[PDB]
Structures are given as C-alpha cells and as structure tokens.
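In what follows, a structure is listed as structure tokens, so that the remarks can point back to it.
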Amino acid sequence: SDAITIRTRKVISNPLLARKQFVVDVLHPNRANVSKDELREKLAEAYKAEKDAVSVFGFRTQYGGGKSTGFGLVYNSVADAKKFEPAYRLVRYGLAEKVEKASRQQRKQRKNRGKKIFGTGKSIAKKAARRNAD
Amino acid sequence: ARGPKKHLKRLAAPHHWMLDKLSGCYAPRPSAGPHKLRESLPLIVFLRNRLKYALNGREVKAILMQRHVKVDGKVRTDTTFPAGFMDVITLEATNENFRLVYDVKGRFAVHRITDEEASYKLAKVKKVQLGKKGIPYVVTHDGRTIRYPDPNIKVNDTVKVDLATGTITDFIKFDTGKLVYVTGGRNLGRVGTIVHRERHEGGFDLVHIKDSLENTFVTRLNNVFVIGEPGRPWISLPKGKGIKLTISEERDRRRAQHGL
Amino acid sequence: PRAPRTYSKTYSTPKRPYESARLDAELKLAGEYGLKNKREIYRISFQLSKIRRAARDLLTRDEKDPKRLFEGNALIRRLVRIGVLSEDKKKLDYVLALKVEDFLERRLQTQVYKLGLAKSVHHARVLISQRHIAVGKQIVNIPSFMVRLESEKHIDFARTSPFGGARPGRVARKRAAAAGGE
RNA sequence: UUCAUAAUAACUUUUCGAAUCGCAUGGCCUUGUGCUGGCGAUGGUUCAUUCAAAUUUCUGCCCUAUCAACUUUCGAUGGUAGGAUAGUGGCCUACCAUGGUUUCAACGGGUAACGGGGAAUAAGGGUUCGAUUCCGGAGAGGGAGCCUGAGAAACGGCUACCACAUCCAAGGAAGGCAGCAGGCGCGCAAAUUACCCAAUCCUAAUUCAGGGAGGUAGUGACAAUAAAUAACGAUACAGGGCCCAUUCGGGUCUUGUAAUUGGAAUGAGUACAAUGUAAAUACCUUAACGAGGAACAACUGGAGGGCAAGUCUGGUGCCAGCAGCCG
RNA sequence: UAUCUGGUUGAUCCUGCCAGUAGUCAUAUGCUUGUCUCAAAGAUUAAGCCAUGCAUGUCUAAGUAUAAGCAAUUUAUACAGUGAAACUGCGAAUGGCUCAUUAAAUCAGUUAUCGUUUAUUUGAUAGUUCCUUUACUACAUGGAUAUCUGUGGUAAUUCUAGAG
Ligand SMILES: [Mg+2]
Ligand SMILES: [Mg+2]
Ligand SMILES: [Mg+2]
Ligand SMILES: [Mg+2]
Ligand SMILES: [Mg+2]
Ligand SMILES: [Mg+2]
Ligand SMILES: [Mg+2]
Ligand SMILES: [Mg+2]
Ligand SMILES: [Mg+2]
Ligand SMILES: [Mg+2]
Ligand SMILES: [Mg+2]
Ligand SMILES: [Mg+2]
Ligand SMILES: [Mg+2]
Ligand SMILES: [Mg+2]
Ligand SMILES: [Mg+2]
Ligand SMILES: [Mg+2]
Ligand SMILES: [Mg+2]
Ligand SMILES: [Mg+2]
Ligand SMILES: [Mg+2]
Ligand SMILES: [Mg+2]
Ligand SMILES: [Mg+2]
Ligand SMILES: [Mg+2]
Ligand SMILES: [Mg+2]
Ligand SMILES: [Mg+2]
Ligand SMILES: [Mg+2]
Ligand SMILES: [Mg+2]
Ligand SMILES: [Mg+2]
Ligand SMILES: [Mg+2]
Ligand SMILES: [Mg+2]
Ligand SMILES: [Mg+2]
Ligand SMILES: [Mg+2]
Ligand SMILES: [Mg+2]
Ligand SMILES: [Mg+2]
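Protein chains in written order, with PDB author numbering: chain Y, 2 to 135; chain E, 2 to 261; chain J, 2 to 183.
If you want it as structure tokens, here you go:
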C-alpha cells in the first residue's frame with residue numbers, strides 16, 4: 002500500500018535548452034517525501050531517458066502529507082544536462098565534484114595582497130631577502 | 002546623480018512588464034536601443050516571464066548566447082535588449098515567430114504569428130528630413146533610418162519594412178477612416194478607425210477613434226499608429242482585436258465561455 | 002531595499018471597553034462557539050464592518066450604475082459562496098442586515114459540530130486542532146476555516162488520522178505494546 | 001525660423017576618409033602564390049534613435065509684523081556689444097538707463113524642515129506626521145581648487161587651508177564608515193568583524209571573472225496573521241422541565257459540583273531520514289521517543305465612583321502608603 | 001470606524017477646563033513569553049570620532065605572449081594549447097548610506113529646447129588622402145615603451161631611479 006505515483010503537469014518541450022520542463026505532482030500516501038534520487042529514477046524510466054539527464058528540485062510536501070509538488074526537467078542527452086545545468090545540481094547528482102574553493106574572506110585577503118605588489122612577486126622576494134641580509 | 006543611471010529597481014519598472022513585486026530587489030533595465038525603456042520590453046522579461054522557456058538569468062543568457070533569438074532578422078545576443086512594439090522575435094528552435102502587439106489590457110502579449118508574414122514588419126514614420134548631399138531620409142519609431150523613401154511619405158504615416166533588405170515596400174497614408182492602433186495611455190491596445198483629427202494649432206494633436214463595437218474615444222497623435230484600412234488590417238491582430246470589453250462584459254465572458 | 006509586503010490589522014477593539022451588556026453578549030458568543038479569546042468576536046465584527054461599509058457605499062450610488070452592479074453582485078456572490086447570506090436574500094440590502102453570529106456560524110468549528118462527527122463545540126475545536134478534520138482530503142488545523150457552501154459536503158476525518166482509519170496513536174499503541182509484552 | 005539642405009568665394013599651426021584581429025579558407029583557371037572571394041570582431045566621420053544631462057514656462061510651500069519697506073557704489077532691474085559657456089541668460093566685463101519686489105505679506109527671523117508618492121486618525125469637513133523599502137535633490141569632517149572622460153567640481157580620485165588624527169629610526173610617510181560588519185562616545189532610544197554569488201540584477205574585453213548591490217542565516221515581543229495550555233466518558237454532591245403533588249417519591253427528563261476514577265487524541269519538545277538550501281539552519285512531511293497534579297503549572301492590571309468585579313479575613317492606624325481626576 | 005462619563009454646589013441648570021476612554025507602519029521602558037508565517041531595526045541626542053577586515057575590477061575563437069609558468073600530445077619551424085604579469089580598452093560618475101545645508105530653494109503636476117552636449121546601443125553613412133599624376137613601401141613605415149632580465153636606495157607607503 003505504498004504505491005508512490007508520479008505525474009508531470011504543465012509539461013513544455015524546449016529545444017531552446019534541449020529540455021522538457023514540467024511540474025512534478027507526486028501522490029504518496031502513508032509515506033514521507035520521495036527522496037529526490039528515487040523520483041529522478043522514476044522519471045528516468047518514465048520518459049525513456051538515463052538517470053543523469055533528469056533533474057528535480059523545488060519540492061514541497063504540502064500541508065498534511067500525501068501529495069508533494071516540485072519542478073523537473075528532462076534533457077535530451079546527458080551531455081546537454083552537463084553543459085546546461087548549474088554546478089550545484091551537478092554536485093547534488095554526483096555527476097560533478099565540489100570545486101576546491103578557499104573561503105570568501107581568504108580570497109579577498111589574497112586579492113588585496115596581490116594588489117599591494119605591482120607586477121610579479123619574483124623580484125621583490127629576493128630583494129627583501131638580501132635587504133634584511135644587511 | 003552625476004552621469005547615466007544603470008540600475009532599475011523592481012517597483013520602478015513599468016507596470017506592463019508586470020513582474021513580481023517580491024522575489025527580487027531590482028528589475029532588468031533595458032540597454033540603449035531602438036525603443037524607449039518605458040515603452041520597450043527586455044528580452045529576459047519576454048523569455049523568462051512571458052514565455053517561461055527559461056527559468057532565471059543564467060538560462061536566458063545561455064539562450065541568447067547560442068544565437069536562437071532573432072529580433073527583426075538579427076541575433077541580438079544581449080540580455081536586456083529592448084525588443085519594442087511591432088518587433089519580430091524568431092526562434093528557429095520550435096520554428097516559432099512572435100510579433101509584439103499590446104493586448105487590450107495594455108500589455109506585451111505573446112502573439113504567435115505565422116512565418117510567411119514574419120518576413121516583414123510595420124513601422125510608424127516619426128520624421129522625414131533631408132540629410133547630407135540633399136539625400137531625403139525617413140526616421141521610423143524604431144530609430145531605423147530608411148534612405149531614399151517615397152517622395153510623398155509624410156510624418157505620422159506608416160510603412161511596411163521588408164525586414165530582410167531593410168527598405169521600403171509599401172506605405173499607408175494617415176487620414177480619416179483608417180484602421181489604427183494605440184500605443185500609450187489608458188487606451189493601450191485599442192484598435193479602431195480615425196473619425197476626426199482635430200488640429201490644435203500650437204501643438205499636441207488629437208484624434209478621435211471609433212472601434213468596431215461602435216465605442217468612441219480620443220487619443221494623442223504621438224500615441225497613434227495607423228495599422229491598415231478598416232476590415233483589412235496589414236498585420237494579424239491579437240486575440241480580441243482590442244475591443245476593450247467592459248469589466249461586466251469580461252465577467253460575462255468568463256461566465257459564458259467556461260468549460261472544466 | 003526590497004518592496005515591502007503589507008501587513009494589516011484584522012480587528013478593532015471597541016471604544017467603550019467596559020460595557021456590561023456588551024461584555025455579557027461577548028461571553029455568550031464565546032461560550033456558544035468555544036472561542037478562545039474575545040479577539041475572535043472583534044475580528045468577526047471587523048470583517049462585518051468592512052462588509053457593511055462596502056454595502057453602504059454601494060447603496061449610496063445610484064441604482065443601475067456599473068460600479069453598483071459589478072461590485073454589488075461580486076460581494077453578493079462572495080457572501081452566498083461563503084454561505085452566510087441565504088440564497089433567498091441576494092439583494093445587497095439584506096447584506097446590511099447580517100449579524101456577527103452569522104459569520105460565527107460558518108466557522109469550521111461549528112460546521113464540524115453540526116455534522117455531528119464532533120459531539121461538543123469544544124470537542125470540535127480540539128478535533129480540528131489535533132489535525133483530524135480534512136476539508137477535501139486536506140486537513141485544516143484551524144478553527145476559523147470559513148467553510149463555503151460548495152465544499153461543506155467534504156468534511157470528514159482524514160485518512161492519516163485514527164478516526165479516518167490508520168494507526169491509533171501514542172497512548173493506544175503504547176498500551177497495545179504493553180499488553181503484548183505482558 | 002537665418003530650419004533641413006544646396007551653391008559661390010575663400011580659411012585652417014588641416015579632423016576623418018581601416019597599415020587592425022578571428023573563423024572558413026570557396027570559385028576562376030589567365031596553374032601562380034596568380035586573380036578574386038563568405039561569415040564575423042573591433043574600430044571610424046556625420047546624421048538620426050536610445051540611455052540621458054543641463055537648463056526652462058504656469059501653479060502650488062510650515063510659523064512669525066515683538067520683521068514694513070527691501071535691492072543697487074561690490075549687478076540690484078533693463079538696453080547694447082563683447083568675453084565665457086555645450087548652449088540661452090548680468091553668467092562676467094565695458095558704456096548707458098534707474099530700475100525690480102511689496103499689505104494679494106515682499107525683505108528679514110525661526111523651523112528639534114530635505115520635497116513628494118504616502119502614514120495615523122475617520123460620519124462629512126479635517127488634524128498631525130512623512131529621517132526610512134519608490135521618485136527627485138544634496139553630502140561624504142568644514143571648506144575651496146582641479147586632472148582624466150561622454151559624463152565628477154568625484155572624495156573607497158588628487159591639491160591646499162582649517163579641525164581632528166595616525167607610524168616614525170624625528171629625516172619623513174600616510175588619513176577620511178553619513179558603504180557592510182564592529183568599536184568609543186552620546187543618549188530613554190536601535191543587530192553578528194557570520195555564509196555565498198544559489199535568486200534579482202549590474203559591471204567588464206564580456207556565459208565563465210567580480211559585486212558587504214543583493215540574497216541566506218545570527219540577534220530581534222517595532223509592528224502584523226493564524227492560533228496550544230486540554231477533550232470525552234463511567235461514578236459520588238447537587239440543580240432545573242417534572243407523573244402527580246398520599247410527606248414521600250422513584251430522577252421518571254435533563255444541567256452542573258466533587259484531591260474521586262477509565263480509556264482515548266495531540267502537539268511543545270527531542271530525532272532515524274528525506275524534502276528544503278549554493279551549503280546549512282528553520283518551515284512542510286515523517287520513523288522511534290515525547291501528558292496525569294496532563295509540575296509540559298499564563299501572565300499583566302484592577303475589585304469606592306468614572307469602569308466589570310468584595311462594604312470577606314488579617315495587618316497599619318490621617319503613619320506607611322494608594323490615588324490619571326473625585327477622593 | 002456620526003455615542004460619551006467622574007470633578008466647582010446644601011442642592012440645580014450652565015460656561016468651562018482637568019481627568020477618564022480608543023487608537024497610533026510613534027518610539028522608549030517594565031513585567032511575562034510555548035508554536036507557524038512575516039518583518040522593522042544607531043533616524044531623533046552627535047552630518048560626533050573610528051582601530052580592524054572586506055565594500056570594483058575586468059579576456060572572448062577574435063588588441064599585444066619569448067613568464068627562462070604550466071602542456072608536450074597527435075594536429076604545432078613565427079604563432080597557435082592553457083595561461084600569471086604588464087601594456088591596451090572599458091567601468092570605476094552605477095550601486096549603497098545619511099538628511100547636515102536648503103522656505104519659490106528642492107520637489108510635484110504640466111510645458112519648452114526653432115537654446116544645447118550626449119561614451120555606449122540601434123539604423124544608415126565617405127571613391128577625391130594624387131595636387132601637375134612621365135620616377136612611390138602599399139606584398140605593409142618609424143622610434144620608444146612597459147612586462148621581464150639584473151643593480152640599488154628608504155625604517156617604512158599600491159615609494160621606484162639607473163642599465164639592457
Ligand atoms: Mg546613486
Ligand atoms: Mg543653417
Ligand atoms: Mg549677449
Ligand atoms: Mg517634510
Ligand atoms: Mg535639518
Ligand atoms: Mg521623506
Ligand atoms: Mg534630522
Ligand atoms: Mg533616495
Ligand atoms: Mg557628490
Ligand atoms: Mg563622520
Ligand atoms: Mg570613459
Ligand atoms: Mg568634494
Ligand atoms: Mg568611505
Ligand atoms: Mg561613491
Ligand atoms: Mg587617488
Ligand atoms: Mg557601520
Ligand atoms: Mg545592505
Ligand atoms: Mg529599540
Ligand atoms: Mg530569538
Ligand atoms: Mg504553560
Ligand atoms: Mg493577580
Ligand atoms: Mg492595588
Ligand atoms: Mg486589596
Ligand atoms: Mg461596577
Ligand atoms: Mg465630530
Ligand atoms: Mg462657583
Ligand atoms: Mg460636594
Ligand atoms: Mg485627556
Ligand atoms: Mg512543529
Ligand atoms: Mg544619527
Ligand atoms: Mg585597466
Ligand atoms: Mg587563449
Ligand atoms: Mg527663510
């Protein structure tokens with residue numbers, strides 16, 4: 002009596018982005034939310050596409066449980082999904098990796114420190130070294 | 002302010018872009034272009050909001066960059082391009098063609114219009130002058146400068162730009178008893194026939210307009226755009242043809258045409 | 002700098018706060034319908050005052066005037082859709098004749114009480130507050146859910162609730178577990 | 001219109017009129033590096049258009065006469081010519097005229113005055129407020145001066161004076177929070193040195209970079225919305241409609257009061273998860289726990305009148321104190 | 001959202017104000033405070049003073065590459081890949097904050113520019129640069145200059161002089 006059933010309302014094709022947009026209306030009694038990955042797979046064999054060219058987000062299990070609503074897109078190919086989707090969705094789905102970024106404060110500090118020096122820091126390092134030498 | 006202003010706060014955007022007063026502090030300021038920003042329509046608004054083909058700014062940028070939008074036969078890869086009145090937006094994907102004409106509520110409605118007529122465009126003559134070396138030229142409302150026009154084309158008149166070569170194909174002479182469109186004020190989107198054009202020596206011409214429903218109003222001449230001859234419009238008028246049904250008549254339309 | 006969204010007051014305390022007859026009437030209406038505070042009666046009176054202000058303003062306007070027709074019948078249809086104004090008196094002059102008790106009667110509280118699935122008004126209040134009644138497979142934990150005429154036929158206990166058919170709940174499940182263990 | 005434009009004569013320490021980049025590199029055979037040749041990117045004179053910017057017409061401003069005349073040698077009003085201006089203009093100069101405003105309040109003084117869209121208040125007329133989410137204006141400690149540019153009299157641009165300051169090896173150097181944080185001070189009076197470009201957009205050579213603009217969270221009883229703190233039985237102490245009224249009285253019919261007594265339901269909290277989000281909180285959903293004095297305990301004021309509710313008990317006795325007023 | 005009440009008197013009818021009453025996107029403050037949504041917030045006095053950290057830099061296939069930076073592998077005898085630095089170009093005059101000055105001043109509505117400047121965006125836009133043309137680089141004219149290589153100075157500052 003689980004029977005998670007899925008529906009795609011307001012579906013619009015879109016070769017502008019080589020996608021198909023829709024709102025995901027998932028009816029699921031006696032159950033919590035649908036754990037996006039599982040619903041991505043459900044849409045994957047629903048629309049005859051791989052589990053990689055399918056994305057869902059913006060979900061909201063309505064008040065009182067049961068129904069839930071989100072937004073979903075199905076891309077014509079996995080490559081188009083790779084080259085059109087935001088980075089954070091490509092990180093959620095495991096098809097990309099979180100970029101090794103220093104924190105914003107450190108980046109700004111380093112930017113100002115680079116501001117202090119005109120041109121490359123090659124000459125100034127040796128100049129300062131031989132300066133404190135004497 | 003010392004110099005030009007380059008930010009458009011959301012509340013200050015025109016109520017015809019008719020965006021969401023929440024979900025954003027700013028609104029797309031149209032870059033300089035063929036139309037006044039108050040009268041124009043940025044491409045980002047037309048795609049993200051009017052068409053919903055995109056979702057947000059990045060999607061509109063990606064759409065415009067790959068050269069699928071064609072404004073009047075040209076690519077226009079900038080996000081805030083001011084696609085104004087009577088411009089033609091072509092998407093080779095979905096092979097769809099739109100012409101921007103106000104719906105009678107007074108808004109840039111989505112008007113899917115055929116490919117065959119999408120070849121040309123209409124324009125209002127705003128100036129007729131003599132440029133260098135005695136060369137006559139005509140300035141339309143788009144800012145298009147058509148050189149060597151027909152010798153009896155006058156101001157306030159209308160012309161049919163072929164939009165491929167960008168030259169003059171045919172034109173309509175402004176005078177009484179002529180199908181006409183309105184492009185400003187309370188009478189946005191209204192379509193009618195010119196009954197009289199009172200001169201008013203000293204400025205600010207006025208014209209009286211009577212529509213098919215036999216309703217009558219009056220509008221400024223700067224506000225007026227001849228669109229053809231009665232019964233024979235030169236373009237495909239949008240749904241409703243701008244009759245401006247009364248609020249009670251709109252309610253009766255909602256009640257009568259109703260199927261669920 | 003973001004465009005504000007407009008909060009607005011929804012009640013108005015009376016100017017004479019200490020009227021014996023009015024206080025007794027307010028307590029009567031609070032006890033009859035299980036109202037938590039007397040701010041509820043103030044809120045219904047404020048809604049009724051707005052309705053009456055609109056009705057009187059439209060009445061002042063001439064008969065057969067587009068404003069009168071349009072907004073008068075709009076208010077009429079809204080009130081009959083709520084159910085407070087009976088279909089017999091859709092005239093906009095019986096709108097001025099509505100009483101606060103009329104809007105009190107259409108609360109989801111009193112409607113659950115009338116249907117009989119709750120045997121007491123306070124029982125209706127608690128049953129609503131315990132996420133049991135669902136107006137069309139959608140629970141409403143709010144007593145002041147103004148039940149409209151088109152949807153009153155769809156009040157019943159929700160499926161997720163034990164009354165609509167589900168697991169009983171904390172106390173019953175614990176007692177059953179204790180009985181099974183011992 | 002001396003306009004658009006055209007024409008003649010001339011003038012210029014003579015502006016522009018592509019010595020610039022990417023891709024594809026086709027066709028002609030004059031079969032050679034030969035001849036041509038597409039799509040763009042940057043430029044580029046002029047004229048338009050757009051973003052604008054400057055000025056500009058009429059009308060509209062709070063209090064004050066214990067401010068009645070104000071302005072002109074130093075421009076005050078006008079004329080002419082010139083200079084300067086991007087351009088009109090006493091905008092400045094030279095020479096003339098002696099003019100301009102005013103009891104319909106000019107001029108002066110005050111404003112704990114930025115103007116407005118608006119806010120509170122509400123029978124109608126109005127009164128007060130509007131520093132602040134939008135539009136304008138002004139300012140970057142107070143003042144002046146200026147380079148670059150299309151646009152600045154810029155101040156997260158410079159020069160100097162004044163005020164206030166900083167490092168100092170005493171020779172010098174460097175300052176601008178009424179930006180986001182935060183600190184001192186002030187005062188009755190107002191927040192975390194947090195996360196991030198996800199969303200709105202903006203800038204740039206331009207998708208990609210950047211953005212304390214902005215969004216997200218932190219504090220937040222400024223205000224605003226909905227709303228938990230119990231609900232239902234079965235018992236003992238009771239009350240009203242009673243079959244009549246032999247005293248009765250069954251309680252025949254119901255409604256409360258009792259530390260009696262039972263079974264339910266549920267969150268406020270915790271918490272597997274998943275959703276949410278840039279990532280996280282939080283909300284919506286939901287496992288597993290989570291109510292008996294359901295201690296998971298609701299306060300703030302008042303009980304002479306105005307004004308709902310005590311002439312109950314004890315204490316103090318015109319003290320202590322209460323009292324917006326009468327007391 | 002058209003309402004009044006207590007107080008001058010032995011008692012009355014008034015004029016009158018004090019007080020009561022209800023607000024307040026008006027704050028401050030006191031006592032309490034469980035939930036969801038939403039949200040103002042160093043304006044009033046001091047436009048008073050500021051430590052510290054950030055708040056504007058920017059590169060596309062397409063301005064400049066000889067980083068003696070990375071890739072050296074399938075594309076590589078000038079160059080092609082990626083790309084620091086610097087020159088060039090553009091923005092830095094937008095945005096954000098505050099209300100100190102300002103009473104026909106700003107501002108609002110409504111006009112005007114036949115009284116002017118306008119990067120940018122968009123649409124068009126030019127044979128003559130020959131000057132006596134029977135002797136010219138147009139199959140491409142010249143010199144510097146940063147970046148860089150090395151020498152320093154000052155206690156230090158986004159201080160930079162000399163050489164190639
Ligand atoms: Mg600004
Ligand atoms: Mg001329
Ligand atoms: Mg002059
Ligand atoms: Mg003011
Ligand atoms: Mg002031
Ligand atoms: Mg203001
Ligand atoms: Mg002030
Ligand atoms: Mg402002
Ligand atoms: Mg300034
Ligand atoms: Mg200061
Ligand atoms: Mg510039
Ligand atoms: Mg300055
Ligand atoms: Mg600063
Ligand atoms: Mg600034
Ligand atoms: Mg500087
Ligand atoms: Mg600060
Ligand atoms: Mg901010
Ligand atoms: Mg405070
Ligand atoms: Mg808190
Ligand atoms: Mg409690
Ligand atoms: Mg008490
Ligand atoms: Mg007391
Ligand atoms: Mg007492
Ligand atoms: Mg009393
Ligand atoms: Mg009155
Ligand atoms: Mg007396
Ligand atoms: Mg007395
Ligand atoms: Mg008073
Ligand atoms: Mg909860
Ligand atoms: Mg202050
Ligand atoms: Mg630069
Ligand atoms: Mg490269
Ligand atoms: Mg004054």
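Idealized CB from N, CA, C, for every residue including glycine.
| Which two residues bound the contiguous beta strand (DSSP E) that contains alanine 135/J? | If you number the third sequence from 1, residue 135/J lands on position 134. Residues 134 to 136.
| field | C-alpha gap between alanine 63/E and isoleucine 13/Y, whole angstroms | value | Here residue 63/E refers to the residue found at position 62 when the second sequence is read from its first residue. Here residue 13/Y refers to the residue found at position 12 when the first sequence is read from its first residue. Cα to Cα, the separation comes out at about 18 Å.
| query | Which stretch, first to last residue, makes up the beta strand (DSSP E) that contains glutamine 130/E? | reply | Numbered from 1 along the second sequence, position 129 holds the residue referred to as residue 130/E. First-last of the beta strand (DSSP E) with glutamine 130/E: 122 to 132.
| Simplified DSSP assignment, three categories, for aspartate 171/E | Working through the second sequence from its first residue, we reach residue 171/E at position 170. The answer is strand: DSSP assigns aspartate 171/E an E or B state.
| query | Considering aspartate 58/J, what are the terminal residues of the alpha helix (DSSP H) in which it resides? | reply | Counted from its first residue, the third sequence places residue 58/J at position 57. Where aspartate 58/J is concerned, the enclosing alpha helix (DSSP H) stretches over 40 to 61.
| Residues in its own chain within less than 6 Å of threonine 170/E by CB, not counting five upstream and five downstream? | As a working note, residue 170/E is residue 169 in the second sequence. So the qualifying residues of the chain are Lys161 and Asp163.
| request: Please specify which runs of the alpha helix (DSSP H), each continuous and at least 4 residues long, are wholly inside the region 5 to 49 of chain Y, giving them in chain order. | output: 38 to 47
| query | If you check the beta carbons only, do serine 21/J and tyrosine 43/J fall under 8 Å apart? | reply | The residue given as residue 21/J occupies position 20 in the third sequence. The residue given as residue 43/J occupies position 42 in the third sequence. No.
| query | Quick one: which chain J residues come within Cβ less than 8 Å of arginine 148/E? | reply | Counting from one through the second sequence, the residue named residue 148/E turns up at place 147. Within chain J, no residue comes near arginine 148/E; the closest Cβ sits about 46 Å away, beyond 8 Å.
| Should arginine 51/E be flagged as near chain Y, meaning a C-beta pair shorter than 8 Å? | The residue labelled residue 51/E in the question sits at position 50 within the second sequence. Chain Y contact via Cβ: absent.
| message | Would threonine 11/J and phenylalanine 47/J qualify as a contact pair, given that the criterion is a beta-carbon distance under 8 Å? | response | As a first step, residue 11/J must be located in the third sequence, where it is residue number 10. As a first step, residue 47/J must be located in the third sequence, where it is residue number 46. Yes, Cβ-Cβ distance for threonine 11/J and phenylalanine 47/J is below 8 Å.
| With a Cβ-Cβ cutoff of 8 Å, do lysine 133/E and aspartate 158/E count as a contact? | Looking up residue 133/E in the second sequence gives position 132. Looking up residue 158/E in the second sequence gives position 157. No, the pair does not count as a contact, with Cβ atoms beyond the cut-off.
| message | Assuming contact is defined by CB atoms lying nearer than 8 Å, are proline 43/E and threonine 81/E in contact in what I supplied? | response | Here the question's residue 43/E lines up with position 42 in the second sequence. Here the question's residue 81/E lines up with position 80 in the second sequence. Yes, these two residues count as a Cβ contact at 8 Å.
| message | According to DSSP, simplified to helix, strand and coil, what is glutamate 20/J? | response | The residue given as residue 20/J occupies position 19 in the third sequence. Three-state DSSP puts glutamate 20/J in coil, outside helix and strand.
| request: Give every residue of the same chain whose Cβ lies closer than 7 Å to the Cβ of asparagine 188/E, excluding the five residues on either side of it in the sequence, and list them in chain order. | output: In the second sequence, residue 188/E corresponds to position 187, counting from 1. Taken in chain order, the residues that qualify are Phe218 and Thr220.
| Which residues, in order along the region 19 to 40 of chain J, keep a beta-carbon less than 7 Å from a beta-carbon of chain E? | none
| said: Less than 8 Å between CB atoms is the rule here; does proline 30/Y satisfy it with respect to chain J? | reply: Residue mapping note: residue 30/Y aligns to position 29 of the first sequence, counting from 1. So, interface residue.
| Which term fits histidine 36/E, buried or exposed, when burial requires 16 or more other beta carbons within 10 angstroms of its beta carbon? | For the purposes of this step, residue 36/E is taken as residue 35 along the second sequence, with counting starting at 1. Answer is buried; the Cβ neighbour count reaches 16.
| chain E contact residues for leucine 44/Y, given Cβ-Cβ distances below 8 Å | Translated into the one-based positions of the first sequence, residue 44/Y becomes position 43. Per Cβ cutoff of 8 Å: no residues; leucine 44/Y is ~17 Å from chain E at best.
| field | Residue from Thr177/E, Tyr54/E and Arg59/E whose Cα sits closest to the Cα of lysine 11/Y | value | The residue labelled residue 11/Y in the question sits at position 10 within the first sequence. Among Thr177/E, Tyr54/E and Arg59/E, the Cα nearest to that of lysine 11/Y belongs to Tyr54/E.
| said: For a cutoff of 8 Å on Cβ pairs, would you count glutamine 139/J as touching chain Y? | reply: Here residue 139/J is taken as the residue at index 138 of the third sequence, counted from 1. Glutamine 139/J counts as touching chain Y.
| request: Report the rounded CA-to-CA distance for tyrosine 95/J versus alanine 75/J, giving the unit in angstroms. | output: Here residue 95/J is taken as the residue at index 94 of the third sequence, counted from 1. Here residue 75/J is taken as the residue at index 74 of the third sequence, counted from 1. Their Cα atoms are separated by approximately 15 Å.
| said: So, with DSSP's three-state summary, where would you put residue 312/E? | reply: Here chain E comprises residues numbered 2 to 261, so residue 312/E is not present and cannot be evaluated.
| message | Does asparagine 98/E come out as helix, strand or coil in the three-state DSSP assignment? | response | Indexing the second sequence from 1 puts residue 98/E at position 97. Of the three classes helix, strand and coil, the one that applies to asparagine 98/E here is strand, per DSSP.
| request: At 7 Å on the CB atoms, spell out the chain J contacts of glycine 66/Y, in chain order. | output: In the first sequence, the residue the question calls residue 66/Y occupies position 65. What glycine 66/Y touches in chain J: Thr161.
| message | Quick check on DSSP: helix, strand or coil for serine 56/Y? | response | Mapped onto the first sequence, residue 56/Y falls at position 55. Strand at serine 56/Y.
| message | Using beta carbons (cut-off 8 Å, strictly below), is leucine 9/E in contact with chain J? | response | Start at 1 with the first residue of the second sequence, and residue 9/E comes out as number 8. Chain J, which has no Cβ nearer than 8 Å to the Cβ of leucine 9/E, makes this no.
| task | Under the assumption that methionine 66/E contacts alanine 124/E (Cβ atoms under 8 Å), give the Cβ distance between them as a whole number of angstroms. | result | Taking the first residue of the second sequence as 1, we reach residue 66/E at position 65. Taking the first residue of the second sequence as 1, we reach residue 124/E at position 123. That belief does not hold up - the Cβ atoms of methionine 66/E and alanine 124/E are roughly 28 Å apart, past 8 Å.
| request: Just the C-alpha distance for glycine 137/J and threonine 6/Y, rounded to the nearest angstrom, thanks. | output: The residue labelled residue 137/J in the question sits at position 136 within the third sequence. The residue labelled residue 6/Y in the question sits at position 5 within the first sequence. So the alpha carbons of these two residues sit roughly 19 Å apart.
| Which residues of chain J have a Cβ atom closer than 9 Å to the Cβ of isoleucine 90/E, listed in chain order? | Here residue 90/E refers to the residue found at position 89 when the second sequence is read from its first residue. The contacting residues do not exist; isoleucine 90/E stays about 29 Å from chain J at best.
| query | Going along chain Y, which residues have a C-beta under 9 Å from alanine 135/J? | reply | The residue labelled residue 135/J in the question sits at position 134 within the third sequence. Those within 9 Å of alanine 135/J in chain Y are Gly65.
| query | Relative to the C-alpha of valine 57/Y, which residue among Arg105/Y, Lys128/Y, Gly67/Y and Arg90/Y is closest? | reply | Indexing the first sequence from 1 puts residue 57/Y at position 56. The shortest C-alpha separation from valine 57/Y is found at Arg90/Y.
| Below-8 Å beta-carbon distance, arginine 6/J vs any chain E residue | Numbered from 1 along the third sequence, position 5 holds the residue referred to as residue 6/J. Interface residue, yes.
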